[PDB]
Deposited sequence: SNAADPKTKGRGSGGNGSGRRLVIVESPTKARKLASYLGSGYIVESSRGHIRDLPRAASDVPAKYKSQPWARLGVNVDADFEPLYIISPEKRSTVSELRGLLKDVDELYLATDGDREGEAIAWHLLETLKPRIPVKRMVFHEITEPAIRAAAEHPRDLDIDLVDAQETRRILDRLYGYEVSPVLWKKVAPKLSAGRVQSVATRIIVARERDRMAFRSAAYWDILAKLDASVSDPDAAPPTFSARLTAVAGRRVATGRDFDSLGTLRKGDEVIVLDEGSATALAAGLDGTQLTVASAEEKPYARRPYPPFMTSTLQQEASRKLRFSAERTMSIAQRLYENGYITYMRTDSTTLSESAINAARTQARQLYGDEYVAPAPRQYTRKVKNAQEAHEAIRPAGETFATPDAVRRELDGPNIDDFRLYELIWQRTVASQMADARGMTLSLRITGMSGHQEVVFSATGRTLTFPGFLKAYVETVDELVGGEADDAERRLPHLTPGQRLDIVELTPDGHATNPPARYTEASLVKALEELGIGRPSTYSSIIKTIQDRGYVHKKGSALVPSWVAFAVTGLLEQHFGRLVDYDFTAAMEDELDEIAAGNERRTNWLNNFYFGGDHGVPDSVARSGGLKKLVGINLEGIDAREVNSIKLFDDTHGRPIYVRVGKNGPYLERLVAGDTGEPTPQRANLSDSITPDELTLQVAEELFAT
């Protein structure tokens, strides 16, 4: 009848689509992109190597015409499709329905060059009605989307291949700089600077255990603990009252109790009774966690299962290829009605009708009205039991089930009832001899666990906090009730520097800033580690001195290229290209040469990217760029770190026999993190 060729991007869809379609339909896969810009000069065809832009791959002097070549990894895949194209009646371009997927269909047109009719439709749901809906109602190739994808491609190409040579002439060779990797490095570097410029401050208070069984034996719990809050109408300072330099923020508003000060208030207080001023309770209701997307999956697998980004997505790949979970590269949290009414079934069989939500639970996001797959959840209409997945997946690599259980529990919890409870706020007054003291304590009750019986989020390893199912019981006291002082213990504390970035906390920061995509979060963690900018200290992402010099040079003379707002603002200028108003050539002309467009501080206002690199390969001294300013010594001589041929080395200008300037230097290895390089540690390795 009619041999029709359907091309998707995933082989898992191929065998799946070939079942709902049947005979006559040939379903093959491209495995992503087939064409890309030449990665190096060796990939440029011979007739273009002499052209003065073969290093870029884009003809920036002729309306930004790229040089698309077949990527050698996808070379054999192209030959298979060209042969299948010779013996078919029509060609169906059924790639994804996003910006990158639409360009692949256009790349398939330019590469295959068919003479048969071509239809462009998108398959979201994999069902017989959804297959018959998009196929019977085709569509045209969105050229505005392809021009937007090209504009994103050429942008990242001009960014990376023009700014990286700046690092080669100012820092070290073979270094890289990108719209994503340089900003991710800039985040980890900025956090380390916060820990380096952090001055701790000590503060004290009183921890008092109390008793209420005297005035009310029928009380539960009979005892509880409280802390000191106010002394003589003046707040007791805690962590939130000190800034990054140890000074006070509230100014003349709080007290700073010391050891002798607190032990005196605890001394002249025991033996007396405390009076309950107020005890106001308040109800609350926690909504269930949304289903797993790519970011939240990597976060929870890092906090609970201690998996890395590559370890998580490698397991999710095998789980998807074997038909256990859906597509793991997604930015959506939506569920199909088959998955909703199935998670409500498994939850009811496991926790009864008491914990199942009485209302349909759906958690939607945004992108472009209807341009945005679904969440990561167990595939099929009937969820495979985690017991059967535990059997079918044996071997020492049991991680395939431990990650599957998380997806099976998280999805079930999304369709369960809320968590009902109450929280207290006790204000306890007293008299410490001649001064008025105020004690305060708070607790949280979990009357109805709900979805917390199936899945509970894990706290961060470094940030630290309270679990969402942790209870803090307190007795119900009456205003005016008298409490006995069981124990008084003045404890001392100190403010701690900001926490390092984990692989989970960094991905959470990238997704919130709009940087990187679900299919790139793992590659970002790998890239900044392979380029030599970030290394792991157990679970913390620690920067390097090369990362300080690269980020420092970038944030000085290429400030907008490393701004967190850049990718978000570039995405807004890209969404207009995909809808009209602006053109592909006009926007690239402003970004590379200059124009009236963008935010006030954008690159088009600064004279384009070409002129921005020209004034930096001319009016920049690498000796000042390789100067990571640390601090001054006891004599006021500045100490800075320089990055050389041998490696990162410490340096300051000291006096010698004839005086100054004698550069005294030392060596630095990655065993001393930047926050651990104080003036004492610096003076140690300076001597010997």
remark   = Note to self, deposited ranges with zero CA coordinates are 1 to 17, 390
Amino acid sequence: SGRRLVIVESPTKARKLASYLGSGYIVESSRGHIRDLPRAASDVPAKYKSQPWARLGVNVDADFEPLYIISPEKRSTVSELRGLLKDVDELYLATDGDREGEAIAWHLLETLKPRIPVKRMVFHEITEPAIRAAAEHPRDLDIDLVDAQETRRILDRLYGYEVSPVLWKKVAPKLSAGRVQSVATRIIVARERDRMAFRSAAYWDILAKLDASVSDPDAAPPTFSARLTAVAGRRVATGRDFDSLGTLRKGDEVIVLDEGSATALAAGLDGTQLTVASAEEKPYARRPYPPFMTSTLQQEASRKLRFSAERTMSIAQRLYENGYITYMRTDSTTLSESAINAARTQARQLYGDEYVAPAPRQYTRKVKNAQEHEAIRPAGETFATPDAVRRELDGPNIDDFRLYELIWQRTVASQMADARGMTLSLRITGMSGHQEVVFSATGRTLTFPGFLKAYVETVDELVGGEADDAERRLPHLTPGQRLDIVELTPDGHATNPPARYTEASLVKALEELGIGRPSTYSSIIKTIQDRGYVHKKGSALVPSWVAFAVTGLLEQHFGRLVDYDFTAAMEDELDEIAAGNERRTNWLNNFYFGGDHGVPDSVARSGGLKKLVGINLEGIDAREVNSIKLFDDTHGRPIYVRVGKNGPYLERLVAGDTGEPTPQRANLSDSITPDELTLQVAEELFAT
From here on, numbers count along this sequence of modelled residues.
ask   = Can you tell me which stretch has the higher mean Cα B-factor, 590 to 598 or 187 to 195?
value = 590 to 598
query = If you average the CA temperature factors over each stretch, which comes out higher, 301 to 309 or 480 to 488?
reply = 480 to 488
note = One of 514, 396, 323, 290 has the largest Cα B-factor in the entry, namely 396
request  = Have a look at 61, 43, 621, 36 and flag the one whose Cα has the highest B-factor in the entry.
outcome  = 621
request  = Name the third of the chain's ranked CA B-factors that contains residue 652, choosing lowest, middle or highest.
outcome  = highest
remark   = Assert third(CA B-factor, residue 132) within chain per record equals highest
task = Going by the recorded CA B-factors, say which third of the chain residue 235 sits in, lowest, middle or highest.
result = middle
Chain third (lowest, middle, highest) by recorded CA B-factor, residue given as residue 8 = lowest
key: residue 616 - which third its CA temperature factor falls in, relative to the rest of the chain   = highest
